Structures are given as C-alpha cells and as structure tokens.
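A.B. asks: Input query-v4.tsv, format and content: TSV, C-alpha atoms and all ligand atoms.
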```
chain	number	residue	atom	x	y	z
D	1	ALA	CA	238.50	-43.88	132.06
D	2	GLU	CA	239.20	-40.12	131.85
D	3	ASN	CA	235.51	-39.48	132.63
D	4	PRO	CA	234.71	-41.23	135.95
D	5	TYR	CA	231.02	-41.47	134.95
D	6	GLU	CA	231.52	-43.06	131.52
D	7	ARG	CA	229.71	-46.40	131.20
D	8	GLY	CA	229.47	-48.94	128.41
D	9	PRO	CA	231.13	-49.26	125.02
D	10	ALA	CA	231.78	-46.44	122.60
D	11	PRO	CA	228.51	-45.54	120.86
D	12	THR	CA	227.58	-45.98	117.24
D	13	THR	CA	224.46	-45.37	115.20
D	14	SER	CA	223.65	-49.05	115.71
D	15	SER	CA	224.18	-48.99	119.47
D	16	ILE	CA	222.05	-45.92	120.20
D	17	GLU	CA	219.18	-47.20	118.00
D	18	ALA	CA	219.17	-50.74	119.40
D	19	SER	CA	216.28	-51.88	121.57
D	20	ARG	CA	218.83	-52.80	124.24
D	21	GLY	CA	222.26	-51.62	125.29
D	22	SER	CA	225.08	-53.75	126.59
D	23	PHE	CA	224.13	-53.87	130.29
D	24	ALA	CA	222.05	-56.69	131.71
D	25	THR	CA	219.02	-55.34	133.55
D	26	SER	CA	216.47	-56.37	136.13
D	27	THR	CA	213.41	-54.83	137.73
D	28	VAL	CA	211.96	-54.12	141.16
D	29	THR	CA	208.29	-53.31	141.78
D	30	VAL	CA	207.54	-50.52	144.26
D	31	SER	CA	203.94	-50.72	145.47
D	32	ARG	CA	201.69	-47.73	146.13
D	33	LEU	CA	201.47	-48.76	149.79
D	34	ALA	CA	205.27	-48.70	150.29
D	35	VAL	CA	205.67	-45.04	149.43
D	36	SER	CA	204.21	-41.63	150.24
D	37	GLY	CA	204.55	-38.77	147.73
D	38	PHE	CA	203.87	-40.68	144.52
D	39	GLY	CA	201.88	-43.76	143.30
D	40	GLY	CA	204.63	-46.37	143.31
D	41	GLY	CA	206.35	-47.62	140.20
D	42	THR	CA	208.87	-49.94	138.57
D	43	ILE	CA	212.67	-49.67	138.91
D	44	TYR	CA	214.69	-50.85	135.90
D	45	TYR	CA	218.39	-51.12	136.78
D	46	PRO	CA	221.68	-52.52	135.47
D	47	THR	CA	222.58	-55.62	137.45
D	48	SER	CA	226.34	-55.20	137.09
D	49	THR	CA	228.18	-54.22	140.26
D	50	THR	CA	231.61	-53.88	138.61
D	51	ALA	CA	231.03	-50.83	136.39
D	52	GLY	CA	230.59	-48.25	139.17
D	53	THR	CA	227.48	-46.39	140.24
D	54	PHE	CA	224.97	-45.11	137.68
D	55	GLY	CA	222.95	-41.97	137.19
D	56	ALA	CA	219.19	-42.28	137.51
D	57	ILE	CA	215.92	-40.86	136.21
D	58	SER	CA	212.27	-40.90	137.13
D	59	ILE	CA	209.68	-40.96	134.35
D	60	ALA	CA	206.09	-39.75	134.72
D	61	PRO	CA	203.00	-40.40	132.55
D	62	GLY	CA	200.34	-37.93	131.46
D	63	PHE	CA	196.73	-37.15	132.35
D	64	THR	CA	194.66	-40.30	133.11
D	65	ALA	CA	197.64	-42.46	132.16
D	66	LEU	CA	199.33	-45.36	133.93
D	67	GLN	CA	203.02	-46.22	134.03
D	68	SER	CA	202.41	-48.87	131.37
D	69	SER	CA	202.17	-45.98	128.90
D	70	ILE	CA	205.90	-45.21	129.40
D	71	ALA	CA	207.22	-48.63	130.42
D	72	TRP	CA	209.04	-49.29	127.13
D	73	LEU	CA	211.58	-46.62	128.11
D	74	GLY	CA	212.59	-48.66	131.17
D	75	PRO	CA	214.58	-51.52	129.67
D	76	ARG	CA	215.56	-49.48	126.63
D	77	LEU	CA	217.34	-46.82	128.69
D	78	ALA	CA	218.38	-48.90	131.71
D	79	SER	CA	220.29	-51.38	129.50
D	80	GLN	CA	222.43	-48.46	128.29
D	81	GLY	CA	223.60	-47.78	131.87
D	82	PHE	CA	220.96	-45.96	133.92
D	83	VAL	CA	218.58	-46.66	136.76
D	84	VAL	CA	215.11	-45.86	135.42
D	85	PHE	CA	212.05	-45.43	137.70
D	86	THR	CA	208.73	-45.40	135.81
D	87	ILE	CA	206.12	-44.11	138.25
D	88	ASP	CA	202.38	-44.02	138.73
D	89	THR	CA	200.95	-40.79	140.11
D	90	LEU	CA	198.90	-40.45	143.28
D	91	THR	CA	195.79	-39.98	141.13
D	92	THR	CA	195.38	-40.21	137.38
D	93	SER	CA	193.97	-36.65	137.34
D	94	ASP	CA	197.04	-34.99	138.87
D	95	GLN	CA	198.09	-31.73	137.18
D	96	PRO	CA	201.60	-30.78	135.98
D	97	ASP	CA	202.74	-29.10	139.22
D	98	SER	CA	201.72	-32.22	141.20
D	99	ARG	CA	203.46	-34.53	138.65
D	100	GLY	CA	206.63	-32.43	139.02
D	101	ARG	CA	206.67	-32.88	142.78
D	102	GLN	CA	206.05	-36.64	142.36
D	103	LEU	CA	208.98	-36.93	139.95
D	104	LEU	CA	211.15	-35.42	142.69
D	105	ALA	CA	209.61	-37.52	145.46
D	106	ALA	CA	210.32	-40.61	143.36
D	107	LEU	CA	213.96	-39.65	142.89
D	108	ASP	CA	214.33	-39.10	146.63
D	109	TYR	CA	212.83	-42.53	147.35
D	110	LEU	CA	215.12	-44.06	144.73
D	111	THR	CA	218.32	-42.57	146.17
D	112	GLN	CA	217.48	-42.54	149.89
D	113	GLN	CA	215.30	-45.59	150.58
D	114	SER	CA	214.99	-47.99	147.63
D	115	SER	CA	216.55	-51.44	147.30
D	116	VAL	CA	218.97	-50.19	144.60
D	117	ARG	CA	220.06	-46.94	146.26
D	118	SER	CA	223.68	-48.18	146.55
D	119	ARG	CA	223.84	-48.59	142.75
D	120	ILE	CA	223.07	-44.89	142.15
D	121	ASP	CA	225.19	-41.73	142.19
D	122	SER	CA	222.66	-39.47	143.89
D	123	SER	CA	224.36	-36.34	142.49
D	124	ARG	CA	223.55	-37.34	138.86
D	125	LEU	CA	219.79	-37.44	138.32
D	126	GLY	CA	217.27	-36.51	135.65
D	127	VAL	CA	213.56	-36.42	134.88
D	128	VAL	CA	211.59	-37.53	131.81
D	129	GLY	CA	207.85	-37.29	131.28
D	130	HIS	CA	205.00	-37.61	128.81
D	131	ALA	CA	202.23	-35.05	128.26
D	132	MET	CA	201.18	-33.52	131.57
D	133	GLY	CA	204.10	-35.52	132.98
D	134	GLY	CA	206.32	-33.66	130.53
D	135	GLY	CA	204.85	-30.48	131.93
D	136	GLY	CA	205.89	-32.02	135.23
D	137	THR	CA	209.53	-32.33	134.16
D	138	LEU	CA	209.72	-28.58	133.63
D	139	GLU	CA	208.10	-27.97	137.01
D	140	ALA	CA	210.61	-30.33	138.65
D	141	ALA	CA	213.60	-28.85	136.82
D	142	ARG	CA	212.57	-25.33	137.81
D	143	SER	CA	212.36	-26.39	141.47
D	144	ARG	CA	215.49	-28.60	141.57
D	145	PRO	CA	218.29	-26.93	139.55
D	146	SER	CA	220.70	-29.66	140.68
D	147	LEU	CA	219.07	-32.06	138.21
D	148	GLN	CA	221.39	-32.91	135.34
D	149	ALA	CA	218.77	-33.29	132.58
D	150	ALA	CA	215.07	-32.78	131.87
D	151	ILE	CA	213.18	-34.24	128.93
D	152	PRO	CA	209.50	-33.36	128.32
D	153	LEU	CA	207.95	-35.64	125.70
D	154	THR	CA	204.99	-33.94	123.96
D	155	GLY	CA	204.56	-31.91	127.12
D	156	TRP	CA	201.42	-30.10	128.28
D	157	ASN	CA	201.60	-27.12	130.63
D	158	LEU	CA	199.56	-23.92	130.96
D	159	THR	CA	202.78	-22.20	132.04
D	160	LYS	CA	204.64	-21.29	128.84
D	161	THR	CA	207.64	-19.40	130.28
D	162	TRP	CA	210.58	-21.36	131.73
D	163	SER	CA	213.22	-18.63	131.82
D	164	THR	CA	214.65	-19.68	135.22
D	165	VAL	CA	215.35	-23.32	134.32
D	166	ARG	CA	219.05	-24.16	134.67
D	167	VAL	CA	218.82	-27.90	133.82
D	168	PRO	CA	219.88	-29.02	130.29
D	169	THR	CA	216.57	-29.72	128.57
D	170	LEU	CA	215.61	-31.67	125.46
D	171	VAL	CA	212.05	-30.74	124.39
D	172	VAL	CA	210.46	-33.44	122.22
D	173	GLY	CA	207.38	-32.43	120.25
D	174	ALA	CA	205.01	-34.35	117.98
D	175	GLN	CA	204.34	-32.42	114.81
D	176	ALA	CA	200.70	-33.49	114.40
D	177	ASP	CA	199.85	-33.40	118.13
D	178	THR	CA	196.34	-32.04	118.64
D	179	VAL	CA	196.25	-32.52	122.43
D	180	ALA	CA	199.44	-30.65	123.37
D	181	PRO	CA	200.12	-28.84	120.08
D	182	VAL	CA	203.77	-27.93	119.58
D	183	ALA	CA	202.80	-24.39	118.58
D	184	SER	CA	201.25	-23.65	122.00
D	185	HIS	CA	203.26	-26.00	124.26
D	186	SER	CA	206.58	-27.57	123.21
D	187	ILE	CA	207.85	-24.71	121.02
D	188	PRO	CA	206.94	-21.94	123.52
D	189	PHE	CA	208.67	-24.00	126.21
D	190	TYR	CA	211.85	-24.30	124.16
D	191	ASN	CA	211.83	-20.64	123.12
D	192	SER	CA	211.49	-19.43	126.72
D	193	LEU	CA	214.45	-21.42	128.04
D	194	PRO	CA	217.53	-19.28	128.73
D	195	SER	CA	219.80	-18.60	125.77
D	196	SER	CA	222.77	-19.75	127.87
D	197	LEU	CA	221.25	-23.17	128.63
D	198	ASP	CA	222.24	-26.36	126.86
D	199	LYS	CA	218.96	-27.17	125.13
D	200	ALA	CA	217.42	-28.80	122.09
D	201	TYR	CA	214.05	-29.17	120.38
D	202	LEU	CA	213.26	-32.40	118.52
D	203	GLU	CA	210.05	-32.52	116.48
D	204	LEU	CA	208.75	-35.92	115.36
D	205	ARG	CA	207.36	-35.70	111.85
D	206	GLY	CA	203.65	-36.46	111.49
D	207	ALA	CA	203.57	-37.88	115.00
D	208	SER	CA	200.53	-37.86	117.26
D	209	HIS	CA	200.27	-37.16	120.98
D	210	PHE	CA	200.59	-40.92	121.53
D	211	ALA	CA	203.93	-41.48	119.77
D	212	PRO	CA	205.81	-41.60	123.13
D	213	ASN	CA	203.63	-44.52	124.32
D	214	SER	CA	205.02	-47.07	121.81
D	215	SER	CA	208.59	-48.10	120.97
D	216	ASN	CA	210.08	-45.20	119.01
D	217	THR	CA	213.71	-45.34	117.90
D	218	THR	CA	213.99	-41.59	117.35
D	219	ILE	CA	212.76	-40.77	120.85
D	220	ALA	CA	215.04	-43.50	122.22
D	221	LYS	CA	218.26	-42.48	120.47
D	222	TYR	CA	217.99	-38.79	121.34
D	223	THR	CA	216.74	-39.36	124.89
D	224	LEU	CA	219.65	-41.73	125.42
D	225	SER	CA	222.16	-39.34	123.89
D	226	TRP	CA	220.90	-36.42	125.98
D	227	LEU	CA	220.98	-38.44	129.20
D	228	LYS	CA	224.45	-39.77	128.41
D	229	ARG	CA	225.75	-36.31	127.54
D	230	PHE	CA	224.43	-34.59	130.68
D	231	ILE	CA	223.86	-37.19	133.42
D	232	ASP	CA	227.17	-38.92	132.60
D	233	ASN	CA	229.02	-35.93	131.13
D	234	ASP	CA	229.72	-38.44	128.31
D	235	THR	CA	231.22	-36.49	125.41
D	236	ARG	CA	231.25	-39.68	123.31
D	237	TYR	CA	227.54	-38.95	122.70
D	238	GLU	CA	228.09	-35.32	121.68
D	239	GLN	CA	228.58	-36.51	118.08
D	240	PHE	CA	224.89	-37.44	117.84
D	241	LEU	CA	223.69	-34.06	119.14
D	242	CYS	CA	226.17	-31.60	117.53
D	243	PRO	CA	226.10	-30.52	114.73
D	244	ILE	CA	222.32	-30.74	115.04
D	245	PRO	CA	220.60	-33.50	113.04
D	246	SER	CA	219.13	-32.71	109.67
D	247	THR	CA	215.45	-33.25	108.97
D	248	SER	CA	214.38	-36.70	107.82
D	249	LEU	CA	211.35	-38.98	107.63
D	250	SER	CA	211.38	-39.09	111.43
D	251	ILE	CA	212.52	-35.52	112.21
D	252	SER	CA	210.51	-32.54	110.96
D	253	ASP	CA	212.38	-29.90	113.00
D	254	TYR	CA	215.45	-29.76	115.21
D	255	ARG	CA	216.83	-26.77	117.12
D	256	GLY	CA	219.68	-26.51	119.55
D	257	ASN	CA	222.92	-24.89	120.61
D	258	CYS	CA	226.28	-26.38	119.67
D	259	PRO	CA	228.75	-27.19	121.05
D	260	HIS	CA	227.60	-28.09	124.56
D	261	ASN	CA	229.33	-26.91	127.75
D	262	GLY	CA	230.60	-23.89	125.78
D	263	UNK	CA	225.49	-20.66	118.85
D	264	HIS	CA	221.90	-21.76	118.02
D	265	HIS	CA	220.92	-23.66	114.85
D	266	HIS	CA	217.52	-24.73	113.50
D	267	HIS	CA	216.75	-27.24	110.67
D	268	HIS	CA	213.22	-27.16	109.14
D	301	CL	CL	224.21	-42.94	110.42
D	302	CL	CL	226.70	-48.26	113.13
D	303	CL	CL	212.64	-50.59	146.41
D	304	CL	CL	218.48	-28.51	143.85
D	305	CL	CL	203.51	-18.21	131.07
D	306	CL	CL	197.16	-36.17	118.53
D	307	CL	CL	216.92	-39.63	110.99
D	308	MG	MG	226.41	-33.07	134.08
```
Do you think you could lay out the structure here as structure tokens?

C.D. replies:
Amino acid sequence: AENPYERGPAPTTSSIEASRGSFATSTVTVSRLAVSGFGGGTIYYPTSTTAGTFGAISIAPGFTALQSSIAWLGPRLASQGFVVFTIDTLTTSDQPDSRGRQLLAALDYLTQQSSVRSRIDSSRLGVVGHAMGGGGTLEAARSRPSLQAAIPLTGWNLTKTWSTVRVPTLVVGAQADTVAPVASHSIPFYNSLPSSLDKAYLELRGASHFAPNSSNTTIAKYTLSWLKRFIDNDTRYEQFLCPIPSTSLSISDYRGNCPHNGXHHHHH
C-alpha cells in the first residue's frame, strides 16, 4: 500500500467499535522474575507473519492496581494490528514518575529482548495508561519524544504543565471522576500541551474513575483511532477524529485540532 505501515481492512464505524479486529492474536506471559525495570506483564500480539511488522504499546495501571485492571485493552487493540504489553509495576504504590520509567523499560524489553521482538517496528511505539499510570504516560512522553502516541486514561499527576511534550496525545477524562477530577488533572494536562501538537481531549459523560477498567466502546474506538493515526500514520482513521466528534450519550466534551499533520475546536 501507499502507506508502508497500513495494516488491516479499511475502517468503518462497525470495525472500530467491534470487540475484535480482523487479526488473529495470541499472548505471551512475561514473569516478574524475567525482567528488571518493571513488574512483568502480558504481551498480546497479532500472530500473522505476512502483514509486515507492527507498532507496539505498553499499558500501565494506576495506584494499587494490577494489570488485570487494563487487560481488556489487550485483545481489543492487538486484534486491530498492534503488539500490546499490559504491565504490572514493581510495586503497587509506585508514583507517576516511576510508572513512566516502567512504561519505557517495558517497551525496551519488548523491542530488544522479548519473544516477539521480530514482529515489531521498534521506531513506532506508544504508551497508554490508567490513573497514576496515565500520569505515567505523560512522564514517559516528556522523556522519550520519539514515541508516536501517548494516551492517559483518567490520568492523575501532581504536575499539571506538559508544555515540552512533543508526542501526539489523546487525553481521556471521566466527567464524574472524583479521584482524578478532570478539572484539576485531565483538562489542565490538555490545556498545557503545546498549541502546535496534534492533541485531543475526550470526556466520557457521567463516567467514574473506574470506567477504563471495564470494556468501553468509546475508549476503545478513539484509542484505536489515535493509535492507528499516529503509530501507523494511517490516514484512513483520520475520518473518526476530524472533524471532532459531537457530544452524545457517551461523550460530554471533545476538544482537538484538525486536520492532523498540518485550528482548535471544542464541543460541549
Ligand atoms: Cl456512525
Ligand atoms: Cl458501519
Ligand atoms: Cl517474552
Ligand atoms: Cl527519544
Ligand atoms: Cl505544574
Ligand atoms: Cl469516581
Ligand atoms: Cl457517540
Ligand atoms: Mg507517526
């Protein structure tokens, strides 16, 4: 294809909302004892060897949480054409800066040492995270500007200013979140990102802090579209991001610049 990184069939509303994409997937377990730098995890990967190499992401949980809290993202994203590494942290009490470093240590294990490293294009990587792990994605993106995408889900971080981030970032907030309220976390994060950066804010209507821990089609479709657009440079997914979505039962607020790779809109 024109885009060497394009994978899978042309997307539709149905395909980006489905619980699975078109790629068969498998898993590998990485034990705590096999790695240094992070708490092990689970690799979800496309099994096909005829489609080319894939981009990859690491995903981190929040304070006290285990990888089971984010596991549903594994098959859901991997089956759309990504290697997805859901990790445990060294301790459940690790703070956002530590989670950020562990996201990066996990990506380096994935691309340099893991059993699927040959299936990955190590130049096309991203980070996703929930809660303090979402705070970790901003920490990781700030440190590693070569990342292609960063997605904090209901993120928590005492640092509110992210004006040096150069990684395209989708900030996902939960409107009713009382643990990491959007007014003091997600929205400040989004507002402090550079005006020149490809970025978006997605607010889940009436959602709690725990919405990212259960199957959620709105989180899935926009996470997928963002990862496709920026890890794969896949302009077939631009249609779902630009013009920005209108508010709905699932979406209470959306902000972002359009078009990508080139003005800011906001729907409330
Ligand atoms: Cl539609
Ligand atoms: Cl459709
Ligand atoms: Cl491995
Ligand atoms: Cl870098
Ligand atoms: Cl700050
Ligand atoms: Cl809450
Ligand atoms: Cl909708
Ligand atoms: Mg890119």

A.B. asks: Could you report the residues within 12 Å of ligand CL 301 (chain D), using all atoms listed in the file, as a compact mmCIF listing (two decimals) with C-alpha atoms, in the coordinates of the input?

C.D. replies:
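File written: selection.txt
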```txt
# COMPACT_ATOMS: atom_id res chain seq x y z
CA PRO D 11 228.51 -45.54 120.86
CA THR D 12 227.58 -45.98 117.24
CA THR D 13 224.46 -45.37 115.20
CA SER D 14 223.65 -49.05 115.71
CA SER D 15 224.18 -48.99 119.47
CA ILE D 16 222.05 -45.92 120.20
CA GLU D 17 219.18 -47.20 118.00
CA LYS D 221 218.26 -42.48 120.47
CA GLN D 239 228.58 -36.51 118.08
CA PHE D 240 224.89 -37.44 117.84
CA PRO D 245 220.60 -33.50 113.04
CA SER D 246 219.13 -32.71 109.67
CA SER D 248 214.38 -36.70 107.82
```

A.B. asks: Looking at only C-alpha atoms, which of D:71, D:241, D:227, D:141 is the one that sits closest to residue 55 of chain D?

C.D. replies: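 Of the candidates, the smallest distance to residue 55 of chain D is held by D:227.
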
A.B. asks: What's the 12 Å shell around residue 174 of chain D, counting only C-alpha atoms, without same-chain residues fewer than 6 positions away, as a PyMOL selection string?

C.D. replies: chain D and resi 130-131+152-156+180-183+185-187+201-212+218-219+250-254

A.B. asks: How would the residues just chosen look if you wrote them out with C-alpha atoms as a PDB file, in the frame of the given file?

C.D. replies:
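Final output, saved to again_10.pdb:
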```pdb
ATOM      1  CA  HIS D 130     205.000 -37.610 128.810  1.00  0.00           C
ATOM      2  CA  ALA D 131     202.230 -35.050 128.260  1.00  0.00           C
ATOM      3  CA  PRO D 152     209.500 -33.360 128.320  1.00  0.00           C
ATOM      4  CA  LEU D 153     207.950 -35.640 125.700  1.00  0.00           C
ATOM      5  CA  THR D 154     204.990 -33.940 123.960  1.00  0.00           C
ATOM      6  CA  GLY D 155     204.560 -31.910 127.120  1.00  0.00           C
ATOM      7  CA  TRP D 156     201.420 -30.100 128.280  1.00  0.00           C
ATOM      8  CA  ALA D 180     199.440 -30.650 123.370  1.00  0.00           C
ATOM      9  CA  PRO D 181     200.120 -28.840 120.080  1.00  0.00           C
ATOM     10  CA  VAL D 182     203.770 -27.930 119.580  1.00  0.00           C
ATOM     11  CA  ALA D 183     202.800 -24.390 118.580  1.00  0.00           C
ATOM     12  CA  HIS D 185     203.260 -26.000 124.260  1.00  0.00           C
ATOM     13  CA  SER D 186     206.580 -27.570 123.210  1.00  0.00           C
ATOM     14  CA  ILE D 187     207.850 -24.710 121.020  1.00  0.00           C
ATOM     15  CA  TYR D 201     214.050 -29.170 120.380  1.00  0.00           C
ATOM     16  CA  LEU D 202     213.260 -32.400 118.520  1.00  0.00           C
ATOM     17  CA  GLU D 203     210.050 -32.520 116.480  1.00  0.00           C
ATOM     18  CA  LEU D 204     208.750 -35.920 115.360  1.00  0.00           C
ATOM     19  CA  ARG D 205     207.360 -35.700 111.850  1.00  0.00           C
ATOM     20  CA  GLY D 206     203.650 -36.460 111.490  1.00  0.00           C
ATOM     21  CA  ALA D 207     203.570 -37.880 115.000  1.00  0.00           C
ATOM     22  CA  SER D 208     200.530 -37.860 117.260  1.00  0.00           C
ATOM     23  CA  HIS D 209     200.270 -37.160 120.980  1.00  0.00           C
ATOM     24  CA  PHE D 210     200.590 -40.920 121.530  1.00  0.00           C
ATOM     25  CA  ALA D 211     203.930 -41.480 119.770  1.00  0.00           C
ATOM     26  CA  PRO D 212     205.810 -41.600 123.130  1.00  0.00           C
ATOM     27  CA  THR D 218     213.990 -41.590 117.350  1.00  0.00           C
ATOM     28  CA  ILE D 219     212.760 -40.770 120.850  1.00  0.00           C
ATOM     29  CA  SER D 250     211.380 -39.090 111.430  1.00  0.00           C
ATOM     30  CA  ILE D 251     212.520 -35.520 112.210  1.00  0.00           C
ATOM     31  CA  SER D 252     210.510 -32.540 110.960  1.00  0.00           C
ATOM     32  CA  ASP D 253     212.380 -29.900 113.000  1.00  0.00           C
ATOM     33  CA  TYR D 254     215.450 -29.760 115.210  1.00  0.00           C
TER      34      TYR D 254
END
```

A.B. asks: Enumerate residues in contact with ligand CL 303 (chain D): an atom-to-atom distance of at most 9 Å, counting only C-alpha atoms and all ligand atoms. Format the result as a count of residues only.

C.D. replies: 14

A.B. asks: Nearest to residue 134 of chain D: which of D:63, D:38, D:230, D:44 is it, counting only C-alpha atoms?

C.D. replies: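 Among the listed residues, the smallest separation from residue 134 of chain D belongs to D:63.
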
A.B. asks: May I ask you to restore N, CA, C and O atoms in segment 86-109 of chain D and write the result as a PDB file, keeping the file's coordinate frame?

C.D. replies:
```pdb
ATOM      1  N   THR D  86     210.012 -45.784 136.408  1.00  0.00           N
ATOM      2  CA  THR D  86     208.730 -45.400 135.810  1.00  0.00           C
ATOM      3  C   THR D  86     207.685 -45.378 136.923  1.00  0.00           C
ATOM      4  O   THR D  86     207.510 -46.374 137.633  1.00  0.00           O
ATOM      5  N   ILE D  87     207.019 -44.249 137.109  1.00  0.00           N
ATOM      6  CA  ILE D  87     206.120 -44.110 138.250  1.00  0.00           C
ATOM      7  C   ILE D  87     204.665 -44.019 137.819  1.00  0.00           C
ATOM      8  O   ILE D  87     204.336 -43.642 136.686  1.00  0.00           O
ATOM      9  N   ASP D  88     203.789 -44.421 138.735  1.00  0.00           N
ATOM     10  CA  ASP D  88     202.380 -44.020 138.730  1.00  0.00           C
ATOM     11  C   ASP D  88     202.223 -42.796 139.631  1.00  0.00           C
ATOM     12  O   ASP D  88     202.969 -42.609 140.602  1.00  0.00           O
ATOM     13  N   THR D  89     201.243 -41.966 139.316  1.00  0.00           N
ATOM     14  CA  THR D  89     200.950 -40.790 140.110  1.00  0.00           C
ATOM     15  C   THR D  89     199.912 -41.120 141.183  1.00  0.00           C
ATOM     16  O   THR D  89     199.226 -42.148 141.131  1.00  0.00           O
ATOM     17  N   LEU D  90     199.824 -40.236 142.181  1.00  0.00           N
ATOM     18  CA  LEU D  90     198.900 -40.450 143.280  1.00  0.00           C
ATOM     19  C   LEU D  90     197.471 -40.615 142.780  1.00  0.00           C
ATOM     20  O   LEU D  90     196.718 -41.468 143.284  1.00  0.00           O
ATOM     21  N   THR D  91     197.060 -39.784 141.821  1.00  0.00           N
ATOM     22  CA  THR D  91     195.790 -39.980 141.130  1.00  0.00           C
ATOM     23  C   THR D  91     196.056 -39.776 139.650  1.00  0.00           C
ATOM     24  O   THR D  91     197.010 -39.110 139.262  1.00  0.00           O
ATOM     25  N   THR D  92     195.205 -40.363 138.818  1.00  0.00           N
ATOM     26  CA  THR D  92     195.380 -40.210 137.380  1.00  0.00           C
ATOM     27  C   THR D  92     195.048 -38.807 136.908  1.00  0.00           C
ATOM     28  O   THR D  92     195.438 -38.460 135.790  1.00  0.00           O
ATOM     29  N   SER D  93     194.369 -37.994 137.729  1.00  0.00           N
ATOM     30  CA  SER D  93     193.970 -36.650 137.340  1.00  0.00           C
ATOM     31  C   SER D  93     194.951 -35.574 137.817  1.00  0.00           C
ATOM     32  O   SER D  93     194.673 -34.379 137.668  1.00  0.00           O
ATOM     33  N   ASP D  94     196.098 -35.968 138.356  1.00  0.00           N
ATOM     34  CA  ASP D  94     197.040 -34.990 138.870  1.00  0.00           C
ATOM     35  C   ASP D  94     197.508 -34.046 137.767  1.00  0.00           C
ATOM     36  O   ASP D  94     197.741 -34.475 136.628  1.00  0.00           O
ATOM     37  N   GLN D  95     197.688 -32.775 138.122  1.00  0.00           N
ATOM     38  CA  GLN D  95     198.090 -31.730 137.180  1.00  0.00           C
ATOM     39  C   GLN D  95     199.609 -31.627 137.101  1.00  0.00           C
ATOM     40  O   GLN D  95     200.324 -32.279 137.851  1.00  0.00           O
ATOM     41  N   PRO D  96     200.134 -30.826 136.163  1.00  0.00           N
ATOM     42  CA  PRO D  96     201.600 -30.780 135.980  1.00  0.00           C
ATOM     43  C   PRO D  96     202.416 -30.415 137.223  1.00  0.00           C
ATOM     44  O   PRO D  96     203.449 -31.056 137.476  1.00  0.00           O
ATOM     45  N   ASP D  97     201.968 -29.439 138.026  1.00  0.00           N
ATOM     46  CA  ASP D  97     202.740 -29.100 139.220  1.00  0.00           C
ATOM     47  C   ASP D  97     202.830 -30.303 140.160  1.00  0.00           C
ATOM     48  O   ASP D  97     203.908 -30.617 140.681  1.00  0.00           O
ATOM     49  N   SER D  98     201.749 -31.027 140.336  1.00  0.00           N
ATOM     50  CA  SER D  98     201.720 -32.220 141.200  1.00  0.00           C
ATOM     51  C   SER D  98     202.627 -33.310 140.600  1.00  0.00           C
ATOM     52  O   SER D  98     203.293 -33.959 141.315  1.00  0.00           O
ATOM     53  N   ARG D  99     202.623 -33.479 139.288  1.00  0.00           N
ATOM     54  CA  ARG D  99     203.460 -34.530 138.650  1.00  0.00           C
ATOM     55  C   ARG D  99     204.943 -34.166 138.862  1.00  0.00           C
ATOM     56  O   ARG D  99     205.732 -35.039 139.017  1.00  0.00           O
ATOM     57  N   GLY D 100     205.255 -32.882 138.808  1.00  0.00           N
ATOM     58  CA  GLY D 100     206.630 -32.430 139.020  1.00  0.00           C
ATOM     59  C   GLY D 100     207.107 -32.789 140.401  1.00  0.00           C
ATOM     60  O   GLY D 100     208.176 -33.227 140.553  1.00  0.00           O
ATOM     61  N   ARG D 101     206.288 -32.516 141.408  1.00  0.00           N
ATOM     62  CA  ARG D 101     206.670 -32.880 142.780  1.00  0.00           C
ATOM     63  C   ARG D 101     206.836 -34.378 142.956  1.00  0.00           C
ATOM     64  O   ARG D 101     207.689 -34.769 143.744  1.00  0.00           O
ATOM     65  N   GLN D 102     206.082 -35.171 142.185  1.00  0.00           N
ATOM     66  CA  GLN D 102     206.050 -36.640 142.360  1.00  0.00           C
ATOM     67  C   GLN D 102     207.310 -37.168 141.664  1.00  0.00           C
ATOM     68  O   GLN D 102     207.866 -38.111 142.122  1.00  0.00           O
ATOM     69  N   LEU D 103     207.703 -36.574 140.554  1.00  0.00           N
ATOM     70  CA  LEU D 103     208.980 -36.930 139.950  1.00  0.00           C
ATOM     71  C   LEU D 103     210.125 -36.769 140.936  1.00  0.00           C
ATOM     72  O   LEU D 103     211.021 -37.626 141.001  1.00  0.00           O
ATOM     73  N   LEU D 104     210.108 -35.678 141.704  1.00  0.00           N
ATOM     74  CA  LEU D 104     211.150 -35.420 142.690  1.00  0.00           C
ATOM     75  C   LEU D 104     211.021 -36.346 143.895  1.00  0.00           C
ATOM     76  O   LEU D 104     212.021 -36.846 144.412  1.00  0.00           O
ATOM     77  N   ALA D 105     209.799 -36.595 144.353  1.00  0.00           N
ATOM     78  CA  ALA D 105     209.610 -37.520 145.460  1.00  0.00           C
ATOM     79  C   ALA D 105     210.069 -38.915 145.078  1.00  0.00           C
ATOM     80  O   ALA D 105     210.622 -39.644 145.910  1.00  0.00           O
ATOM     81  N   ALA D 106     209.875 -39.295 143.819  1.00  0.00           N
ATOM     82  CA  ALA D 106     210.320 -40.610 143.360  1.00  0.00           C
ATOM     83  C   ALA D 106     211.831 -40.706 143.326  1.00  0.00           C
ATOM     84  O   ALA D 106     212.399 -41.724 143.724  1.00  0.00           O
ATOM     85  N   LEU D 107     212.504 -39.650 142.872  1.00  0.00           N
ATOM     86  CA  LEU D 107     213.960 -39.650 142.890  1.00  0.00           C
ATOM     87  C   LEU D 107     214.513 -39.731 144.314  1.00  0.00           C
ATOM     88  O   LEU D 107     215.487 -40.441 144.574  1.00  0.00           O
ATOM     89  N   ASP D 108     213.888 -39.034 145.253  1.00  0.00           N
ATOM     90  CA  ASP D 108     214.330 -39.100 146.630  1.00  0.00           C
ATOM     91  C   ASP D 108     214.115 -40.487 147.229  1.00  0.00           C
ATOM     92  O   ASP D 108     214.984 -40.995 147.936  1.00  0.00           O
ATOM     93  N   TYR D 109     212.988 -41.145 146.922  1.00  0.00           N
ATOM     94  CA  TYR D 109     212.830 -42.530 147.350  1.00  0.00           C
ATOM     95  C   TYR D 109     213.901 -43.414 146.732  1.00  0.00           C
ATOM     96  O   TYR D 109     214.515 -44.244 147.419  1.00  0.00           O
TER      97      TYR D 109
END
```
